[PDB]
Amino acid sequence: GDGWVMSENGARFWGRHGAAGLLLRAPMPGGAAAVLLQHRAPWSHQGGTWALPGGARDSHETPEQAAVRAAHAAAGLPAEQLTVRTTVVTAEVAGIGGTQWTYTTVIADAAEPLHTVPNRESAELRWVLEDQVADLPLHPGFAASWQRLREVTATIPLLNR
C-alpha cells in the first residue's frame, strides 16, 4: 500500500488503504474451534508476539482479497481450501487531512487444521484453541481486539457440508 498515513495524534501507519488480517478458524477432532496464528519474527514489526497473518491492502483489492493473499504469502495456504465468512473493522484511526487508516479482520473457515509452509515473517504458525489464544503474548493491537472478535466469532458457527 506503498506509503504512510499520519494520525491526528502524530504516529505514522503503514499502508494508504489500511491493512487486513486473516482470522482463519478450524474444527479440532475434539470438535472445538482453533485459530491459526503467526508468531512474529523479532526482525519484523512487533516481533516476539502473536497476531494474524496479514498485510497492507492494495488499491484494487477488497479487505478479503488482501487477507487471503497475505495468508498465502506467509503460510502457503491455498484460497480454495478456505471460506471467507465476514469482515470486522478492528482498528480505525483518524489521519491528518481527512484521511483514514484501518485494520480489517477477515474471519474465515477451513474444514480441518491445514498444513502450512512458513515464509516471510512466519517464525512459526500455530493452530491455537480459541479459548487459549489470550494465554499467548499477543500483538497489542490484536489483543485489544481479541475479546470483541470472540463475541463476533460466536455469532457465526463454523460451516459444514
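Position 1 is the first residue in the sequence shown; the rest follow in order.
Asker: Higher average CA B factor in the deposited record is what I'm after, so tell me if that's 149 to 157 or 13 to 21.
Answerer: Per the PDB record, 149 to 157.
Asker: Of 103 to 111 and 38 to 46, which one has the bigger average CA B-factor?
Answerer: Stretch with the greater average CA B-factor: 38 to 46.
Asker: Sorting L52, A32, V128, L125 by Cα temperature factor from the record, which one lands on top?
Answerer: Max CA B-factor in the entry, restricted to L52, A32, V128, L125: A32.
Asker: What's the residue among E64, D135, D58, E121 with the greatest CA temperature factor in the PDB record?
Answerer: Comparing C-alpha B-factors across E64, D135, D58, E121, the top value belongs to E121.
Asker: What third of the chain, by the recorded C-alpha B-factor, contains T86?
Answerer: Its C-alpha B-factor, which the entry lists for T86, ranks in the lowest third among residues of this chain.
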